[PDB]
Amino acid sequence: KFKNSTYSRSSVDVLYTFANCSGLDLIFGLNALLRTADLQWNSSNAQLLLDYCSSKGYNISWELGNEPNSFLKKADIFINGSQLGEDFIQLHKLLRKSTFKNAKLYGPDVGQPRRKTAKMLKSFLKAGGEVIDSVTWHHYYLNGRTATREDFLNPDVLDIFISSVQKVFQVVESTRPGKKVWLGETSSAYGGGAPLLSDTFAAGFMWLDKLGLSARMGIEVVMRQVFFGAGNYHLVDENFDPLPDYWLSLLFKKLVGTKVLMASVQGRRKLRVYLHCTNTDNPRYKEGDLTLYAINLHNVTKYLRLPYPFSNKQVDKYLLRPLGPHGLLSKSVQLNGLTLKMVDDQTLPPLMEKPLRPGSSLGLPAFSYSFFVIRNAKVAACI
């Protein structure tokens, strides 16, 4: 079904320029199904492409293969983790030989545990574990073909991700303790997303919960399938218009700091809470400030009371709600009742907070998600 396919120097330059000019760090997957006779990896094609990028002054990190677990299904070849481990050492040698010897290497981009991936990853990390700067794995909650609206709003679906992550950390801790763990490709639903679901406000429960849980459980980097493309899980549509997950992804970057803390509800399935230090790059916010974010999957509004000593602090609300009439199936979203649109092709809107009456409880409508910045929190940890 899947056939080999060539790509030009122009393809590479296009892709490099897009990243460089957008301020993003390109990671390039190399063809790991190029095999020598002895079923080892053939590096010559990859060798051509290292040579070209090095000649051009291209700062790029590298991967080798995507979901080796199913090379047997995809191309009638089984590659064991040990060999894929050896194949990664071969490639790491070439990067050390090459002009960017400090070049970072990520792998092996295996699917989630439920796809019978544990052995392959453990064998891979025992063998190749030393040369890779992060372990990459993939997660999708659902099949795009069968995913329902109810699936997207189901806390029992969101919770299976917790076990996926615990299982990955179990393999890694038994092989390369303290190695960084990255979600290398992840979204709502495989097969290119759930039509009229993966591209809506409804996709945001799964995206924001994945982000909260990944941060809480020790995932360092989450790579969203996809920024742009054919799949319904794209952040940007085919007309280059941002979908609700774009605005969510932007508001997360503005408000959420790198320092992960914890929140919990005293009652804990349909009210999902996450706490980090505020991103202080926002001139509005200073060190010690907290960013709370919350998902409400109840069908009624909930009123969150801040714990002592934060009950009386000034809180900025960033509440995200669909623009009607399609409700959770809408491709448009309002921040605090104002529709989020590009001001023009050059210009993102401001993201206006809504300051709350100090000492008021935090209102979170049914089927919504919100950020709350607790100003003058003065959390020493947030320094």
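Between two forms, the rigid core is the largest collection of C-alphas that superpose within 1.5 Å. Just count from 1 along the sequence shown to find any residue number.
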| property | result |
| --- | --- |
| Farther-lying stretch by C-alpha RMS in 5 other deposited structures of this protein (rigid core fit) among 70 to 78, 110 to 118 | 110 to 118 |
| Unresolved deposited residues lying between neighbours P283 and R284 | none |
| Mean temperature factor over C-alpha atoms, higher-scoring stretch between 367 to 375 and 13 to 21 | 13 to 21 |
| Higher-scoring stretch by recorded Cα B factor average, 211 to 219 or 228 to 236 | 228 to 236 |
| Selection by C-alpha B-factor (highest) of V165, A75, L197, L142 | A75 |
| Most elevated Cα B-factor in the entry, residues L34, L338, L329, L348 | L34 |
| Record-listed C-alpha B factor of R96: chain third | highest |
| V343, C-alpha B-factor rank within chain (lowest, middle or highest third) | middle |
| Within-chain third of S187 by Cα B-factor, per the entry | lowest |
| Modelled-residue ranking by C-alpha temperature factor, third containing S134 | middle |
| Among modelled residues of the same chain, the CA temperature factor third for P322 | lowest |
